[PDB]
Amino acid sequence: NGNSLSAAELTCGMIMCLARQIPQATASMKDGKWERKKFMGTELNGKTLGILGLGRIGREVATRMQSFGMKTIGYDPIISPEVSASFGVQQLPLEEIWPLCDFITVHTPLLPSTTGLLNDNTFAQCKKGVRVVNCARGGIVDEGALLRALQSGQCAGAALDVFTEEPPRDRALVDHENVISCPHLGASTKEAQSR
């Protein structure tokens, strides 16, 4: 609400970080290395971003990423397709979303229907090399399934602000070379903090 924009901005930051491996490149630089060929990335323009959860944060993410030329599609059980069209999000059923996306971002509450929304089944339906972002609630993305998808290359990268347990006690995700992370910083701006 107040803090909608801080979350939406972090999410868009994470999308850009996944496309260009900025965190990993800075780490490489700080370790004294100049590794240009390693950190070959991708352009956002013309890519498809799937947005799962089309409330305020989802809508804000959409309109920012639309300025990058991304195609924004998505799904939300409550919001009508004509309403999401009005903010440039094409709604399709979930089963249709997975194979189209280059990037997926989640913006749902944590409910039975959204716990493990991304799981071994839904990762297998994605395009090989999909990049995922969770700046919403820990557990929306099944962490074990994510790890397996990163290990196989079915997922080329992931950005996590939130974890099933905080701080995460299992470190295998965090430590993966294709995972970027923050300690639940979505609301952590001076502005959000200070109404």
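Start at 1 with the first residue shown and count on from there.
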Practice item. Decide which of the stretches 52-60 and 24-32 has the higher mean C-alpha B-factor, going by the entry. Key: 24-32
Study note, to complete from the structure: Higher of the two mean Cα B-factors (175-183, 9-17; per PDB record) comes from 175-183
Check your understanding: Among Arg131, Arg137, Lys47, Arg169, where is the Cα temperature factor highest, going by the PDB entry?
Key -> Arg169
Point to revise | Out of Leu118, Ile79, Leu100, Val89, highest CA B-factor residue | key: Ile79
**Study point:** Within-chain third of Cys155 by Cα B-factor, per the entry
**Key:** middle
Review point. Mind checking which third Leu146 falls in for C-alpha B-factor across the chain?
Key: middle
Exercise for review: Select lowest, middle or highest to describe the third in which the CA B-factor of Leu94 falls within its chain in this entry.
Suggested key: highest
Check your understanding: Based on the entry's values, in what third of the chain does the Cα temperature factor of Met40 lie: lowest, middle or highest?
Key -> highest
